[PDB]
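A.B. asks: Supplied structure: input.csv, CSV, C-alpha atoms.
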chain,number,residue,atom,x,y,z
Y,3,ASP,CA,99.3,115.7,127.7
Y,4,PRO,CA,100.0,119.3,126.4
Y,5,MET,CA,103.8,118.7,127.0
Y,6,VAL,CA,103.9,115.4,124.8
Y,7,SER,CA,101.9,117.5,122.3
Y,8,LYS,CA,104.6,120.2,121.9
Y,9,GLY,CA,107.4,117.7,120.9
Y,10,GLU,CA,105.0,115.6,119.0
Y,11,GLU,CA,103.9,118.5,116.8
Y,12,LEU,CA,107.6,119.2,115.9
Y,13,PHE,CA,108.4,115.7,114.7
Y,14,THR,CA,105.1,114.4,113.2
Y,15,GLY,CA,106.0,114.5,109.5
Y,16,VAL,CA,109.3,114.5,107.6
Y,17,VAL,CA,111.8,117.0,109.1
Y,18,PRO,CA,114.9,118.3,107.2
Y,19,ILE,CA,118.3,117.8,108.9
Y,20,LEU,CA,121.6,119.6,108.7
Y,21,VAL,CA,124.8,118.3,110.3
Y,22,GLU,CA,128.1,120.1,110.7
Y,23,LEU,CA,131.2,118.7,112.2
Y,24,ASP,CA,134.6,120.3,112.9
Y,25,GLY,CA,137.2,117.6,113.6
Y,26,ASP,CA,140.7,117.4,114.9
Y,27,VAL,CA,142.2,113.9,115.5
Y,28,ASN,CA,146.0,113.9,116.5
Y,29,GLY,CA,146.1,117.3,114.8
Y,30,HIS,CA,144.6,115.9,111.6
Y,31,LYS,CA,142.0,118.6,110.9
Y,32,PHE,CA,138.7,118.0,109.0
Y,33,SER,CA,135.2,119.2,108.4
Y,34,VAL,CA,132.0,117.3,107.5
Y,35,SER,CA,128.7,118.5,106.3
Y,36,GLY,CA,125.5,116.5,106.3
Y,37,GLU,CA,122.0,116.8,104.9
Y,38,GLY,CA,119.0,114.6,104.9
Y,39,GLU,CA,115.7,114.1,106.8
Y,40,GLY,CA,114.2,112.3,109.6
Y,41,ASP,CA,110.7,110.8,110.1
Y,42,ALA,CA,110.4,110.0,113.8
Y,43,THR,CA,106.9,108.4,113.2
Y,44,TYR,CA,108.9,105.5,111.6
Y,45,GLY,CA,112.2,106.1,113.7
Y,46,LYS,CA,113.8,106.7,110.3
Y,47,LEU,CA,116.8,108.9,109.3
Y,48,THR,CA,118.4,109.3,105.8
Y,49,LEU,CA,121.7,111.3,105.7
Y,50,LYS,CA,124.6,112.0,103.4
Y,51,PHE,CA,127.8,113.4,104.8
Y,52,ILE,CA,130.6,115.0,102.8
Y,53,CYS,CA,134.2,115.7,104.0
Y,54,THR,CA,134.4,119.2,102.5
Y,55,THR,CA,138.2,119.5,103.5
Y,56,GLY,CA,139.2,116.6,101.3
Y,57,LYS,CA,140.1,113.1,102.6
Y,58,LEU,CA,138.6,112.0,105.9
Y,59,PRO,CA,141.5,111.1,108.1
Y,60,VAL,CA,139.5,108.5,110.2
Y,61,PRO,CA,137.2,105.7,109.0
Y,62,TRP,CA,133.6,106.9,108.3
Y,63,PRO,CA,132.1,104.2,110.6
Y,64,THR,CA,133.9,105.7,113.6
Y,65,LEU,CA,131.7,108.9,113.1
Y,66,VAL,CA,128.3,107.3,112.8
Y,67,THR,CA,127.4,107.6,116.5
Y,68,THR,CA,128.5,111.2,116.5
Y,69,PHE,CA,126.6,112.2,113.4
Y,71,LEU,CA,119.9,112.5,116.3
Y,72,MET,CA,118.1,110.7,119.1
Y,73,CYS,CA,115.1,113.1,118.8
Y,74,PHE,CA,114.2,111.0,115.7
Y,75,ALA,CA,113.8,107.7,117.7
Y,76,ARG,CA,110.3,106.2,117.3
Y,77,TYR,CA,109.0,106.1,120.9
Y,78,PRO,CA,105.9,103.7,121.0
Y,79,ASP,CA,102.7,105.2,122.3
Y,80,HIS,CA,103.0,103.5,125.7
Y,81,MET,CA,106.4,105.2,126.1
Y,82,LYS,CA,105.9,108.8,125.0
Y,83,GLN,CA,106.3,110.0,128.6
Y,84,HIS,CA,110.0,108.8,128.4
Y,85,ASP,CA,111.2,110.8,125.3
Y,86,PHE,CA,113.6,113.3,126.7
Y,87,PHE,CA,114.9,114.2,123.3
Y,88,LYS,CA,111.7,115.6,121.8
Y,89,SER,CA,110.7,117.1,125.1
Y,90,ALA,CA,113.8,119.5,125.0
Y,91,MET,CA,112.8,120.8,121.5
Y,92,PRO,CA,112.7,123.3,119.9
Y,93,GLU,CA,115.3,124.9,122.2
Y,94,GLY,CA,117.4,121.7,121.9
Y,95,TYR,CA,119.8,119.8,123.9
Y,96,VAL,CA,123.6,119.3,124.3
Y,97,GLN,CA,125.0,115.8,123.6
Y,98,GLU,CA,128.5,115.2,124.9
Y,99,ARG,CA,130.5,112.0,124.5
Y,100,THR,CA,133.9,110.4,125.3
Y,101,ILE,CA,134.4,107.5,122.9
Y,102,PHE,CA,137.3,105.2,124.0
Y,103,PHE,CA,138.7,103.1,121.3
Y,104,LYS,CA,140.1,99.9,122.9
Y,105,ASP,CA,144.0,99.9,122.7
Y,106,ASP,CA,143.9,103.2,120.8
Y,107,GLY,CA,142.8,106.8,121.1
Y,108,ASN,CA,139.6,108.6,122.3
Y,109,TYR,CA,137.2,111.1,120.7
Y,110,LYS,CA,135.6,113.7,122.9
Y,111,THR,CA,132.6,115.3,121.2
Y,112,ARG,CA,130.2,118.2,122.0
Y,113,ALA,CA,127.1,118.7,120.0
Y,114,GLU,CA,124.1,121.0,120.1
Y,115,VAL,CA,121.0,119.6,118.6
Y,116,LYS,CA,118.3,122.1,118.0
Y,117,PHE,CA,115.8,123.6,115.5
Y,118,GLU,CA,116.9,126.4,113.2
Y,119,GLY,CA,113.5,127.3,111.8
Y,120,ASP,CA,112.0,124.1,110.3
Y,121,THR,CA,115.4,122.5,110.1
Y,122,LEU,CA,116.8,120.1,112.8
Y,123,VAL,CA,120.5,121.0,113.2
Y,124,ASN,CA,123.3,118.9,114.8
Y,125,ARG,CA,126.4,121.1,115.3
Y,126,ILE,CA,129.4,119.1,116.5
Y,127,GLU,CA,133.0,119.7,117.6
Y,128,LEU,CA,135.1,116.6,117.8
Y,129,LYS,CA,138.6,116.3,119.4
Y,130,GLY,CA,140.6,113.0,119.0
Y,131,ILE,CA,143.8,112.4,121.0
Y,132,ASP,CA,146.3,109.5,121.7
Y,133,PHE,CA,145.7,107.6,118.5
Y,134,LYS,CA,148.3,105.3,117.0
Y,135,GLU,CA,149.1,106.8,113.5
Y,136,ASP,CA,149.2,103.2,112.2
Y,137,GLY,CA,146.3,101.8,114.3
Y,138,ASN,CA,142.9,100.7,113.2
Y,139,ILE,CA,141.6,104.3,113.1
Y,140,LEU,CA,144.4,106.5,111.7
Y,141,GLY,CA,145.6,103.4,109.6
Y,142,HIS,CA,142.0,103.0,108.1
Y,143,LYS,CA,141.7,99.3,108.9
Y,144,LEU,CA,137.9,99.3,109.7
Y,145,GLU,CA,135.4,97.7,107.4
Y,146,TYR,CA,132.7,100.0,105.8
Y,147,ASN,CA,129.8,98.4,107.5
Y,148,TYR,CA,128.0,98.6,110.9
Y,149,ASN,CA,126.4,96.3,113.4
Y,150,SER,CA,123.1,96.7,115.3
Y,151,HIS,CA,123.2,97.8,118.8
Y,152,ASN,CA,121.0,98.6,121.9
Y,153,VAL,CA,121.7,102.0,123.6
Y,154,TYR,CA,120.8,102.3,127.3
Y,155,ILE,CA,119.2,105.5,128.5
Y,156,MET,CA,119.0,106.5,132.2
Y,157,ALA,CA,117.9,109.7,134.0
Y,158,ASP,CA,120.6,112.0,135.3
Y,159,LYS,CA,118.1,113.9,137.6
Y,160,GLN,CA,120.8,116.0,139.3
Y,161,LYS,CA,121.7,117.4,135.9
Y,162,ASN,CA,118.1,117.6,134.6
Y,163,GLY,CA,119.3,115.4,131.8
Y,164,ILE,CA,120.1,111.9,130.7
Y,165,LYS,CA,123.2,109.5,130.8
Y,166,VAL,CA,123.7,107.0,127.9
Y,167,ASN,CA,126.3,104.2,128.1
Y,168,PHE,CA,127.1,101.7,125.2
Y,169,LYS,CA,129.7,99.7,123.2
Y,170,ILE,CA,130.1,99.7,119.5
Y,171,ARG,CA,132.2,96.9,117.8
Y,172,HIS,CA,133.6,98.1,114.5
Y,173,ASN,CA,134.7,95.2,112.2
Y,174,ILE,CA,138.4,95.3,111.3
Y,175,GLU,CA,139.5,94.0,107.8
Y,176,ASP,CA,141.4,91.1,109.4
Y,177,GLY,CA,138.1,89.7,110.8
Y,178,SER,CA,138.7,91.0,114.3
Y,179,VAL,CA,136.7,93.8,116.1
Y,180,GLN,CA,137.7,97.3,117.4
Y,181,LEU,CA,135.7,98.2,120.5
Y,182,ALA,CA,134.5,101.8,120.8
Y,183,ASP,CA,133.2,102.3,124.4
Y,184,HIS,CA,130.8,105.3,124.4
Y,185,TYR,CA,130.0,107.5,127.5
Y,186,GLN,CA,127.3,110.1,126.9
Y,187,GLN,CA,125.5,112.9,128.7
Y,188,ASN,CA,122.6,115.1,127.3
Y,189,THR,CA,121.2,118.2,129.0
Y,190,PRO,CA,118.5,120.6,127.6
Y,191,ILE,CA,119.7,124.0,126.3
Y,192,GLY,CA,116.5,125.7,127.6
Y,193,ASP,CA,115.3,126.5,131.2
Y,194,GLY,CA,111.9,124.8,130.7
Y,195,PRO,CA,110.6,121.4,131.9
Y,196,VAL,CA,111.7,118.2,130.1
Y,197,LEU,CA,110.7,114.6,130.3
Y,198,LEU,CA,113.1,112.6,132.4
Y,199,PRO,CA,112.9,109.0,131.5
Y,200,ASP,CA,112.7,105.6,133.3
Y,201,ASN,CA,115.5,103.3,132.2
Y,202,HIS,CA,114.9,102.1,128.7
Y,203,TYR,CA,116.9,101.5,125.6
Y,204,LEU,CA,117.0,102.6,121.9
Y,205,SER,CA,117.4,99.9,119.3
Y,206,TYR,CA,119.7,101.0,116.4
Y,207,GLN,CA,120.2,99.6,112.9
Y,208,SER,CA,122.6,101.5,110.6
Y,209,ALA,CA,123.4,100.8,106.9
Y,210,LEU,CA,126.2,102.6,105.3
Y,211,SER,CA,126.5,103.1,101.5
Y,212,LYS,CA,128.1,105.3,98.8
Y,213,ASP,CA,126.4,107.7,96.4
Y,214,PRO,CA,127.5,106.4,93.0
Y,215,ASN,CA,127.6,109.9,91.5
Y,216,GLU,CA,129.6,111.4,94.3
Y,217,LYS,CA,133.3,112.0,93.8
Y,218,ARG,CA,134.1,113.6,97.2
Y,219,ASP,CA,134.9,111.5,100.3
Y,220,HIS,CA,131.5,110.7,101.8
Y,221,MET,CA,129.1,108.5,103.6
Y,222,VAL,CA,125.4,107.7,103.0
Y,223,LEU,CA,123.8,106.6,106.3
Y,224,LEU,CA,120.3,105.0,106.7
Y,225,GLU,CA,119.3,104.5,110.4
Y,226,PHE,CA,116.2,103.0,112.1
Y,227,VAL,CA,115.9,103.7,115.8
Y,228,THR,CA,113.1,102.5,118.1
Y,229,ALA,CA,112.6,102.9,121.8
Y,230,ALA,CA,111.9,99.9,123.9
Y,231,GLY,CA,112.4,98.1,127.3
Y,232,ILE,CA,109.4,99.5,129.1
Y,233,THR,CA,106.9,96.8,128.2
Render the structure in this file as structure tokens.
C.D. replies:
Amino acid sequence: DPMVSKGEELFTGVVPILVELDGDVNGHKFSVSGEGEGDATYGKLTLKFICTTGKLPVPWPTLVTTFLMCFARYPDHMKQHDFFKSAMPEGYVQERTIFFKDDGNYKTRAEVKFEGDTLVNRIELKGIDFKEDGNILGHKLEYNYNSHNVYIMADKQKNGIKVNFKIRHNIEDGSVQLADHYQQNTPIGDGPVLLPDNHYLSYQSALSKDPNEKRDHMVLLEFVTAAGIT
């Protein structure tokens, strides 16, 4: 399929990634930069993020979803369902509202696209109605992350997709903080895209710290595999 070929050819090896985030949660301003690489053949991404404005005013885990679905490993039998690659290199817009149960909400807008050989994810995040002493502004979330399926459907009237999913962040008392994600992606370009049948992406995320790093940061290792169209 010369279409599957175009996106294929962009992701076949190891692709450098750059991430930039401008954040404001309850007027706590911040900026994050990330660098790493993805190898979609293996569904694999390796990233390191730095708060370049000093202390991050929210827990790092809360940002993981916001900080690259074009790097999902879509099995051969499913390559006709990979919207994300199909929009490249022009890219796509990924918008979310993330509702933290009994707390605030993030609203994010990202543009994911190639700048030359580099895959770039430029994000703006606005957080409002947070409790200054809740789980998020009070930094009560554990530095870890659970595995999760993410459900993708077509949004044919918007030439895009809709993604809907829940993340449960572990709180240090042993309870969980639900973060209910609503998501929409739409291609940046005017060209054809692959609009998928319902399927899901399976995510595993491991968070760690660079022992030589003094700044406030997060090392993220993610594996993402499409499924659910057997």
A.B. asks: Neighbours of residue 54 in chain Y within 10 Å (all atoms listed in the file; same-chain residues fewer than 4 positions away dropped), as a ChimeraX atom specification?
C.D. replies: /Y:32-35,58,218-220
A.B. asks: For each of Y:29, Y:56, Y:214, Y:107, take the minimum atom-to-atom distance to residue 134 in chain Y, counting all atoms listed in the file, then give the residue where this is smallest.
C.D. replies: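 Closest to residue 134 in chain Y of all the choices is Y:107.
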A.B. asks: With all atoms listed in the file as the basis for distance, which of Y:10, Y:200, Y:118, Y:106 is at the shortest distance from residue 131 in chain Y?
C.D. replies: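 For residue 131 in chain Y, the nearest of the candidates is Y:106.
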A.B. asks: Show me, as CSV, the residues of range 165-222 of chain Y having an atom within 9 Å of range 140-146 of chain Y, each with the closest atom pair and its distance in Å, using all atoms listed in the file.
C.D. replies:
residue,atom,partner,partner_atom,distance
Y:172,CA,Y:144,CA,6.6
Y:173,CA,Y:145,CA,5.5
Y:174,CA,Y:144,CA,4.3
Y:175,CA,Y:145,CA,5.5
Y:176,CA,Y:143,CA,8.2
Y:179,CA,Y:144,CA,8.5
Y:180,CA,Y:144,CA,8.0
Y:210,CA,Y:146,CA,7.0
Y:211,CA,Y:146,CA,8.2
A.B. asks: Give one line per residue of range 94-184 of chain Y that approaches range 80-86 of chain Y to at most 12 Å, naming the two atoms of the closest pair and their distance in Å to one decimal, counting all atoms listed in the file; sort by chain then ascending residue number and deliver it as a Markdown table.
C.D. replies:
| residue | atom | partner | partner_atom | distance |
| --- | --- | --- | --- | --- |
| Y:94 | CA | Y:86 | CA | 10.4 |
| Y:95 | CA | Y:86 | CA | 9.4 |
| Y:96 | CA | Y:86 | CA | 11.9 |
| Y:155 | CA | Y:86 | CA | 9.8 |
| Y:156 | CA | Y:84 | CA | 10.0 |
| Y:157 | CA | Y:86 | CA | 9.2 |
| Y:158 | CA | Y:86 | CA | 11.2 |
| Y:159 | CA | Y:86 | CA | 11.8 |
| Y:162 | CA | Y:86 | CA | 10.1 |
| Y:163 | CA | Y:86 | CA | 7.9 |
| Y:164 | CA | Y:86 | CA | 7.8 |
| Y:165 | CA | Y:86 | CA | 11.1 |
| Y:166 | CA | Y:86 | CA | 12.0 |
A.B. asks: From the set Y:209, Y:221, Y:170, Y:60, which residue has the shortest atom-to-atom contact distance to residue 26 in chain Y, counting all atoms listed in the file?
C.D. replies: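 Among Y:209, Y:221, Y:170, Y:60, it is Y:60 that comes nearest to residue 26 in chain Y.
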A.B. asks: Using all atoms listed in the file, which of Y:92, Y:25, Y:45, Y:59 sits nearest residue 196 in chain Y?
C.D. replies: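 Going through Y:92, Y:25, Y:45, Y:59 one by one, the smallest distance to residue 196 in chain Y is for Y:92.
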A.B. asks: Is there a way to get, as JSON, numbers by chain, all residues within 10 Å of the point (127.4, 110.8, 114.2) in file coordinates, counting only C-alpha atoms?
C.D. replies: {"Y": [21, 22, 23, 36, 51, 62, 63, 64, 65, 66, 67, 68, 69, 71, 111, 113, 124, 126, 223]}
A.B. asks: Find the residues around residue 193 in chain Y up to 10 Å (all atoms listed in the file counted), leave out those fewer than 2 positions away in its own chain, and share them as a list in words.
C.D. replies: residues 90, 93, 162, 190, 191, 195 and 196 of chain Y
A.B. asks: Which one is closest to residue 198 in chain Y: Y:88, Y:104, Y:169, Y:129? Count only C-alpha atoms.
C.D. replies: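 That would be Y:88, the residue with the smallest distance to residue 198 in chain Y.
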A.B. asks: Which residue, Y:183, Y:207, Y:128, Y:18, has the smallest gap to residue 151 in chain Y when you use all atoms listed in the file?
C.D. replies: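 Among Y:183, Y:207, Y:128, Y:18, it is Y:207 that comes nearest to residue 151 in chain Y.
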A.B. asks: Please output range 196-229 of chain Y, rebuilt to include N, CA and C atoms, as a CSV table (one decimal), in the coordinates of the input.
C.D. replies:
chain,number,residue,atom,x,y,z
Y,196,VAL,N,111.4,119.3,131.1
Y,196,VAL,CA,111.7,118.2,130.1
Y,196,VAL,C,111.2,116.9,130.7
Y,197,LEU,N,111.0,115.9,129.9
Y,197,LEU,CA,110.7,114.6,130.3
Y,197,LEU,C,111.9,113.8,130.7
Y,198,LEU,N,111.9,113.4,132.0
Y,198,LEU,CA,113.1,112.6,132.4
Y,198,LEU,C,112.7,111.2,132.5
Y,199,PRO,N,113.4,110.3,131.7
Y,199,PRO,CA,112.9,109.0,131.5
Y,199,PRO,C,113.2,107.9,132.6
Y,200,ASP,N,112.3,106.9,132.8
Y,200,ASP,CA,112.7,105.6,133.3
Y,200,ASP,C,113.8,105.0,132.4
Y,201,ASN,N,114.6,104.1,133.0
Y,201,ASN,CA,115.5,103.3,132.2
Y,201,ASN,C,114.8,102.6,131.0
Y,202,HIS,N,115.4,102.8,129.8
Y,202,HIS,CA,114.9,102.1,128.7
Y,202,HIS,C,116.0,102.1,127.7
Y,203,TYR,N,115.8,101.6,126.5
Y,203,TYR,CA,116.9,101.5,125.6
Y,203,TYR,C,116.3,102.0,124.2
Y,204,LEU,N,117.3,102.3,123.3
Y,204,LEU,CA,117.0,102.6,121.9
Y,204,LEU,C,117.6,101.5,121.1
Y,205,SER,N,116.9,101.0,120.1
Y,205,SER,CA,117.4,99.9,119.3
Y,205,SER,C,117.9,100.6,118.0
Y,206,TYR,N,119.1,100.3,117.6
Y,206,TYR,CA,119.7,101.0,116.4
Y,206,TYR,C,120.0,100.0,115.3
Y,207,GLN,N,119.7,100.3,114.1
Y,207,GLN,CA,120.2,99.6,112.9
Y,207,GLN,C,120.7,100.7,112.0
Y,208,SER,N,121.9,100.5,111.4
Y,208,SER,CA,122.6,101.5,110.6
Y,208,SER,C,123.1,100.7,109.4
Y,209,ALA,N,122.9,101.4,108.2
Y,209,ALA,CA,123.4,100.8,106.9
Y,209,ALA,C,124.1,102.0,106.3
Y,210,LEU,N,125.3,101.6,105.8
Y,210,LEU,CA,126.2,102.6,105.3
Y,210,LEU,C,126.3,102.3,103.8
Y,211,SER,N,126.4,103.3,103.0
Y,211,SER,CA,126.5,103.1,101.5
Y,211,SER,C,127.2,104.3,100.9
Y,212,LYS,N,127.3,104.3,99.6
Y,212,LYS,CA,128.1,105.3,98.8
Y,212,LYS,C,127.2,105.8,97.7
Y,213,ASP,N,127.2,107.1,97.5
Y,213,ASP,CA,126.4,107.7,96.4
Y,213,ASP,C,127.2,107.5,95.1
Y,214,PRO,N,126.7,106.7,94.2
Y,214,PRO,CA,127.5,106.4,93.0
Y,214,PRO,C,128.0,107.6,92.1
Y,215,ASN,N,127.3,108.7,92.3
Y,215,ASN,CA,127.6,109.9,91.5
Y,215,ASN,C,128.4,110.9,92.3
Y,216,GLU,N,128.9,110.5,93.4
Y,216,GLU,CA,129.6,111.4,94.3
Y,216,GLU,C,131.1,111.1,94.2
Y,217,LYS,N,131.9,112.1,93.8
Y,217,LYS,CA,133.3,112.0,93.8
Y,217,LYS,C,134.0,112.4,95.1
Y,218,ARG,N,133.4,113.2,96.0
Y,218,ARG,CA,134.1,113.6,97.2
Y,218,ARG,C,134.0,112.4,98.2
Y,219,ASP,N,134.8,112.5,99.3
Y,219,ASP,CA,134.9,111.5,100.3
Y,219,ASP,C,133.6,111.7,101.1
Y,220,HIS,N,132.8,110.6,101.3
Y,220,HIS,CA,131.5,110.7,101.8
Y,220,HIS,C,130.9,109.5,102.4
Y,221,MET,N,129.8,109.6,103.1
Y,221,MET,CA,129.1,108.5,103.6
Y,221,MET,C,127.6,108.7,103.5
Y,222,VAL,N,126.8,107.7,103.0
Y,222,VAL,CA,125.4,107.7,103.0
Y,222,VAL,C,125.0,106.7,104.2
Y,223,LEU,N,124.2,107.3,105.1
Y,223,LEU,CA,123.8,106.6,106.3
Y,223,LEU,C,122.2,106.5,106.4
Y,224,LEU,N,121.7,105.2,106.6
Y,224,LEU,CA,120.3,105.0,106.7
Y,224,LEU,C,120.2,104.3,108.1
Y,225,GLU,N,119.5,104.9,109.0
Y,225,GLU,CA,119.3,104.5,110.4
Y,225,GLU,C,117.8,104.3,110.7
Y,226,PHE,N,117.5,103.2,111.5
Y,226,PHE,CA,116.2,103.0,112.1
Y,226,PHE,C,116.4,102.9,113.6
Y,227,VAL,N,115.7,103.7,114.4
Y,227,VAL,CA,115.9,103.7,115.8
Y,227,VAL,C,114.5,103.7,116.4
Y,228,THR,N,114.3,102.7,117.3
Y,228,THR,CA,113.1,102.5,118.1
Y,228,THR,C,113.3,102.3,119.6
Y,229,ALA,N,112.6,103.1,120.4
Y,229,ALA,CA,112.6,102.9,121.8
Y,229,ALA,C,112.0,101.6,122.3
